[PDB]
>>> print(open('entry.pdb').read())   # PDB, N, CA and C atoms
MODEL        1
ATOM      1  N   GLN Q  11     123.864  41.582  12.187  1.00  0.00           N
ATOM      2  CA  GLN Q  11     123.563  42.102  13.547  1.00  0.00           C
ATOM      3  C   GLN Q  11     123.738  41.017  14.603  1.00  0.00           C
ATOM      4  N   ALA Q  12     123.985  41.435  15.841  1.00  0.00           N
ATOM      5  CA  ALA Q  12     124.172  40.497  16.940  1.00  0.00           C
ATOM      6  C   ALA Q  12     122.849  40.193  17.635  1.00  0.00           C
ATOM      7  N   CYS Q  13     122.487  38.915  17.677  1.00  0.00           N
ATOM      8  CA  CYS Q  13     121.242  38.494  18.313  1.00  0.00           C
ATOM      9  C   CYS Q  13     121.519  37.611  19.525  1.00  0.00           C
ATOM     10  N   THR Q  14     120.491  37.401  20.342  1.00  0.00           N
ATOM     11  CA  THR Q  14     120.622  36.575  21.536  1.00  0.00           C
ATOM     12  C   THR Q  14     119.899  35.244  21.358  1.00  0.00           C
ATOM     13  N   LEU Q  15     120.663  34.157  21.369  1.00  0.00           N
ATOM     14  CA  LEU Q  15     120.094  32.822  21.212  1.00  0.00           C
ATOM     15  C   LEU Q  15     119.090  32.528  22.323  1.00  0.00           C
ATOM     16  N   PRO Q  16     118.220  31.520  22.128  1.00  0.00           N
ATOM     17  CA  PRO Q  16     117.213  31.143  23.122  1.00  0.00           C
ATOM     18  C   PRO Q  16     117.824  30.925  24.505  1.00  0.00           C
ATOM     19  N   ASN Q  17     119.112  30.592  24.531  1.00  0.00           N
ATOM     20  CA  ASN Q  17     119.815  30.359  25.788  1.00  0.00           C
ATOM     21  C   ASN Q  17     120.351  31.669  26.370  1.00  0.00           C
ATOM     22  N   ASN Q  18     120.316  32.733  25.570  1.00  0.00           N
ATOM     23  CA  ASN Q  18     120.796  34.040  26.009  1.00  0.00           C
ATOM     24  C   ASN Q  18     122.292  34.002  26.307  1.00  0.00           C
ATOM     25  N   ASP Q  19     123.101  34.100  25.257  1.00  0.00           N
ATOM     26  CA  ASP Q  19     124.550  34.079  25.402  1.00  0.00           C
ATOM     27  C   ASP Q  19     125.219  34.906  24.307  1.00  0.00           C
ATOM     28  N   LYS Q  20     124.478  35.866  23.758  1.00  0.00           N
ATOM     29  CA  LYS Q  20     124.995  36.729  22.701  1.00  0.00           C
ATOM     30  C   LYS Q  20     125.348  35.918  21.457  1.00  0.00           C
ATOM     31  N   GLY Q  21     125.064  36.484  20.290  1.00  0.00           N
ATOM     32  CA  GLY Q  21     125.358  35.800  19.044  1.00  0.00           C
ATOM     33  C   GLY Q  21     125.163  36.690  17.832  1.00  0.00           C
ATOM     34  N   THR Q  22     125.249  36.093  16.648  1.00  0.00           N
ATOM     35  CA  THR Q  22     125.083  36.828  15.399  1.00  0.00           C
ATOM     36  C   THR Q  22     123.842  36.350  14.653  1.00  0.00           C
ATOM     37  N   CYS Q  23     123.184  37.264  13.948  1.00  0.00           N
ATOM     38  CA  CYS Q  23     121.981  36.921  13.200  1.00  0.00           C
ATOM     39  C   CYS Q  23     122.168  37.169  11.707  1.00  0.00           C
ATOM     40  N   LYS Q  24     121.991  36.114  10.920  1.00  0.00           N
ATOM     41  CA  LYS Q  24     122.131  36.202   9.471  1.00  0.00           C
ATOM     42  C   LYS Q  24     121.135  35.277   8.781  1.00  0.00           C
ATOM     43  N   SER Q  25     120.998  35.433   7.469  1.00  0.00           N
ATOM     44  CA  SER Q  25     120.078  34.604   6.697  1.00  0.00           C
ATOM     45  C   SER Q  25     120.419  33.126   6.852  1.00  0.00           C
ATOM     46  N   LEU Q  26     119.637  32.269   6.203  1.00  0.00           N
ATOM     47  CA  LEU Q  26     119.860  30.829   6.272  1.00  0.00           C
ATOM     48  C   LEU Q  26     120.729  30.348   5.112  1.00  0.00           C
ATOM     49  N   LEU Q  27     121.608  31.223   4.630  1.00  0.00           N
ATOM     50  CA  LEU Q  27     122.496  30.885   3.526  1.00  0.00           C
ATOM     51  C   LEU Q  27     123.872  31.517   3.720  1.00  0.00           C
ATOM     52  N   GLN Q  28     124.256  31.711   4.978  1.00  0.00           N
ATOM     53  CA  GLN Q  28     125.549  32.307   5.298  1.00  0.00           C
ATOM     54  C   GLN Q  28     126.323  31.433   6.278  1.00  0.00           C
ATOM     55  N   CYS Q  29     125.659  31.029   7.358  1.00  0.00           N
ATOM     56  CA  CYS Q  29     126.286  30.190   8.371  1.00  0.00           C
ATOM     57  C   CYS Q  29     126.768  28.876   7.765  1.00  0.00           C
ATOM     58  N   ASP Q  30     128.002  28.497   8.082  1.00  0.00           N
ATOM     59  CA  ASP Q  30     128.577  27.261   7.566  1.00  0.00           C
ATOM     60  C   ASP Q  30     127.766  26.052   8.015  1.00  0.00           C
ATOM     61  N   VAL Q  31     127.375  26.052   9.281  1.00  0.00           N
ATOM     62  CA  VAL Q  31     126.586  24.960   9.834  1.00  0.00           C
ATOM     63  C   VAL Q  31     125.198  24.933   9.212  1.00  0.00           C
ATOM     64  N   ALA Q  32     124.611  26.112   9.056  1.00  0.00           N
ATOM     65  CA  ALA Q  32     123.287  26.232   8.465  1.00  0.00           C
ATOM     66  C   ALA Q  32     123.306  25.793   7.006  1.00  0.00           C
ATOM     67  N   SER Q  33     124.399  26.106   6.318  1.00  0.00           N
ATOM     68  CA  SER Q  33     124.546  25.752   4.912  1.00  0.00           C
ATOM     69  C   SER Q  33     124.640  24.241   4.721  1.00  0.00           C
ATOM     70  N   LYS Q  34     125.295  23.564   5.658  1.00  0.00           N
ATOM     71  CA  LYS Q  34     125.453  22.114   5.575  1.00  0.00           C
ATOM     72  C   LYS Q  34     124.122  21.403   5.805  1.00  0.00           C
ATOM     73  N   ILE Q  35     123.275  21.988   6.646  1.00  0.00           N
ATOM     74  CA  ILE Q  35     121.972  21.404   6.944  1.00  0.00           C
ATOM     75  C   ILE Q  35     121.043  21.499   5.735  1.00  0.00           C
ATOM     76  N   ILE Q  36     121.156  22.596   4.995  1.00  0.00           N
ATOM     77  CA  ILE Q  36     120.330  22.807   3.813  1.00  0.00           C
ATOM     78  C   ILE Q  36     120.783  21.914   2.663  1.00  0.00           C
ATOM     79  N   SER Q  37     122.075  21.604   2.634  1.00  0.00           N
ATOM     80  CA  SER Q  37     122.637  20.757   1.587  1.00  0.00           C
ATOM     81  C   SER Q  37     122.882  19.335   2.092  1.00  0.00           C
ATOM     82  N   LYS Q  38     122.560  19.085   3.360  1.00  0.00           N
ATOM     83  CA  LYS Q  38     122.750  17.765   3.948  1.00  0.00           C
ATOM     84  C   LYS Q  38     121.854  16.733   3.269  1.00  0.00           C
ATOM     85  N   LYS Q  39     120.596  16.672   3.697  1.00  0.00           N
ATOM     86  CA  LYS Q  39     119.636  15.731   3.129  1.00  0.00           C
ATOM     87  C   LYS Q  39     118.292  15.814   3.855  1.00  0.00           C
ATOM     88  N   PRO Q  40     118.275  15.515   5.167  1.00  0.00           N
ATOM     89  CA  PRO Q  40     117.044  15.558   5.967  1.00  0.00           C
ATOM     90  C   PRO Q  40     116.490  16.971   6.109  1.00  0.00           C
ATOM     91  N   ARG Q  41     115.165  17.082   6.101  1.00  0.00           N
ATOM     92  CA  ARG Q  41     114.501  18.374   6.232  1.00  0.00           C
ATOM     93  C   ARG Q  41     113.056  18.194   6.688  1.00  0.00           C
ATOM     94  N   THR Q  42     112.881  17.889   7.970  1.00  0.00           N
ATOM     95  CA  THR Q  42     111.551  17.683   8.531  1.00  0.00           C
ATOM     96  C   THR Q  42     111.013  18.971   9.145  1.00  0.00           C
ATOM     97  N   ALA Q  43     109.793  18.901   9.672  1.00  0.00           N
ATOM     98  CA  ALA Q  43     109.156  20.056  10.291  1.00  0.00           C
ATOM     99  C   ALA Q  43     109.909  20.496  11.542  1.00  0.00           C
ATOM    100  N   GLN Q  44     110.499  19.533  12.241  1.00  0.00           N
ATOM    101  CA  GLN Q  44     111.245  19.822  13.460  1.00  0.00           C
ATOM    102  C   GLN Q  44     112.403  20.775  13.180  1.00  0.00           C
ATOM    103  N   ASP Q  45     112.975  20.668  11.985  1.00  0.00           N
ATOM    104  CA  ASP Q  45     114.089  21.523  11.595  1.00  0.00           C
ATOM    105  C   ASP Q  45     113.625  22.960  11.378  1.00  0.00           C
ATOM    106  N   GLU Q  46     112.417  23.111  10.846  1.00  0.00           N
ATOM    107  CA  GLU Q  46     111.858  24.433  10.580  1.00  0.00           C
ATOM    108  C   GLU Q  46     111.543  25.172  11.874  1.00  0.00           C
ATOM    109  N   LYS Q  47     111.046  24.445  12.865  1.00  0.00           N
ATOM    110  CA  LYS Q  47     110.713  25.047  14.148  1.00  0.00           C
ATOM    111  C   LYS Q  47     111.978  25.498  14.869  1.00  0.00           C
ATOM    112  N   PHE Q  48     113.034  24.702  14.743  1.00  0.00           N
ATOM    113  CA  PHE Q  48     114.304  25.021  15.380  1.00  0.00           C
ATOM    114  C   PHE Q  48     114.900  26.292  14.791  1.00  0.00           C
ATOM    115  N   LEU Q  49     114.882  26.393  13.468  1.00  0.00           N
ATOM    116  CA  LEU Q  49     115.414  27.571  12.795  1.00  0.00           C
ATOM    117  C   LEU Q  49     114.484  28.757  13.005  1.00  0.00           C
ATOM    118  N   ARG Q  50     113.185  28.478  13.037  1.00  0.00           N
ATOM    119  CA  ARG Q  50     112.184  29.515  13.246  1.00  0.00           C
ATOM    120  C   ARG Q  50     112.287  30.081  14.657  1.00  0.00           C
ATOM    121  N   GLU Q  51     112.596  29.211  15.614  1.00  0.00           N
ATOM    122  CA  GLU Q  51     112.727  29.619  17.008  1.00  0.00           C
ATOM    123  C   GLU Q  51     114.010  30.416  17.225  1.00  0.00           C
ATOM    124  N   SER Q  52     115.053  30.057  16.484  1.00  0.00           N
ATOM    125  CA  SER Q  52     116.338  30.738  16.596  1.00  0.00           C
ATOM    126  C   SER Q  52     116.492  31.793  15.505  1.00  0.00           C
ATOM    127  N   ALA Q  53     115.393  32.469  15.183  1.00  0.00           N
ATOM    128  CA  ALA Q  53     115.407  33.503  14.156  1.00  0.00           C
ATOM    129  C   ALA Q  53     115.016  34.859  14.739  1.00  0.00           C
ATOM    130  N   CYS Q  54     115.816  35.878  14.443  1.00  0.00           N
ATOM    131  CA  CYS Q  54     115.553  37.223  14.938  1.00  0.00           C
ATOM    132  C   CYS Q  54     114.688  38.010  13.956  1.00  0.00           C
ATOM    133  N   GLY Q  55     113.583  37.404  13.531  1.00  0.00           N
ATOM    134  CA  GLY Q  55     112.690  38.061  12.596  1.00  0.00           C
ATOM    135  C   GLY Q  55     111.282  37.504  12.646  1.00  0.00           C
ATOM    136  N   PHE Q  56     110.294  38.376  12.467  1.00  0.00           N
ATOM    137  CA  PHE Q  56     108.896  37.966  12.490  1.00  0.00           C
ATOM    138  C   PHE Q  56     108.281  38.050  11.097  1.00  0.00           C
ATOM    139  N   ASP Q  57     109.100  37.823  10.078  1.00  0.00           N
ATOM    140  CA  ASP Q  57     108.636  37.874   8.696  1.00  0.00           C
ATOM    141  C   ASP Q  57     108.559  36.474   8.097  1.00  0.00           C
ATOM    142  N   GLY Q  58     107.729  36.318   7.072  1.00  0.00           N
ATOM    143  CA  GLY Q  58     107.579  35.026   6.428  1.00  0.00           C
ATOM    144  C   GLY Q  58     108.292  34.956   5.091  1.00  0.00           C
ATOM    145  N   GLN Q  59     108.451  36.107   4.445  1.00  0.00           N
ATOM    146  CA  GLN Q  59     109.118  36.171   3.151  1.00  0.00           C
ATOM    147  C   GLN Q  59     110.634  36.231   3.320  1.00  0.00           C
ATOM    148  N   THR Q  60     111.083  36.973   4.327  1.00  0.00           N
ATOM    149  CA  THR Q  60     112.510  37.114   4.596  1.00  0.00           C
ATOM    150  C   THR Q  60     112.920  36.288   5.814  1.00  0.00           C
ATOM    151  N   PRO Q  61     113.313  35.020   5.598  1.00  0.00           N
ATOM    152  CA  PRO Q  61     113.731  34.129   6.685  1.00  0.00           C
ATOM    153  C   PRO Q  61     115.072  34.536   7.288  1.00  0.00           C
ATOM    154  N   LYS Q  62     115.221  34.315   8.589  1.00  0.00           N
ATOM    155  CA  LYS Q  62     116.454  34.657   9.287  1.00  0.00           C
ATOM    156  C   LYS Q  62     116.846  33.554  10.267  1.00  0.00           C
ATOM    157  N   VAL Q  63     118.101  33.577  10.701  1.00  0.00           N
ATOM    158  CA  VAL Q  63     118.601  32.579  11.641  1.00  0.00           C
ATOM    159  C   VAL Q  63     119.689  33.161  12.537  1.00  0.00           C
ATOM    160  N   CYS Q  64     119.754  32.676  13.773  1.00  0.00           N
ATOM    161  CA  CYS Q  64     120.750  33.147  14.729  1.00  0.00           C
ATOM    162  C   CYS Q  64     121.908  32.161  14.835  1.00  0.00           C
ATOM    163  N   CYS Q  65     123.121  32.659  14.617  1.00  0.00           N
ATOM    164  CA  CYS Q  65     124.316  31.829  14.687  1.00  0.00           C
ATOM    165  C   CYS Q  65     125.331  32.421  15.664  1.00  0.00           C
ATOM    166  N   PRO Q  66     125.636  31.707  16.763  1.00  0.00           N
ATOM    167  CA  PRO Q  66     126.597  32.180  17.766  1.00  0.00           C
ATOM    168  C   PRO Q  66     127.995  32.367  17.183  1.00  0.00           C
TER     169      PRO Q  66
ENDMDL
END
>>> encode(input="entry.pdb", output="structure tokens")
Amino acid sequence: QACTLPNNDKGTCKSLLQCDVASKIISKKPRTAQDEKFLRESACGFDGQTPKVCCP
């Protein structure tokens, strides 16, 4: 589905295992709390079991 990023410029919404950029971050190395808030903020979902992320 198409979601609107925090900047409001239209985008796409998918899990955290589809986006190429998102995939590199998960397999990169670093993973602090700041990363969770960023993905949590750019997520078109209010669920805890089913995580989501917005990718332009």
>>> axis_aligned_box(input="entry.pdb", around="region 39-52 of chain Q", padding_each_side="6 Å", output="AutoDock Vina command-line options")
--center_x 114.9 --center_y 23.7 --center_z 10.2 --size_x 23.4 --size_y 28.3 --size_z 26.1
>>> atom_distance(input="entry.pdb", atom1="atom N of residue 21 (chain Q)", atom2="atom N of residue 44 (chain Q)")
23.8 Å
>>> resolve_selection(input="entry.pdb", expression="the PyMOL selection byres ((chain Q and resi 64) around 6.5)", output="ChimeraX atom specification")
/Q:13,21-24,52-54,62-63,65-66
>>> atom_distance(input="entry.pdb", atom1="CA of residue 12 (chain Q)", atom2="CA of residue 41 (chain Q)")
26.4 Å
>>> select_by_dssp(input="entry.pdb", residues="chain Q", states="strand (DSSP E or B)", output="JSON, numbers by chain")
{"Q": [12, 13, 21, 22, 23, 24, 63, 64, 65]}
>>> select_by_dssp(input="entry.pdb", residues="chain Q", states="alpha helix (DSSP H)", output="ChimeraX atom specification")
/Q:30-38,43-51
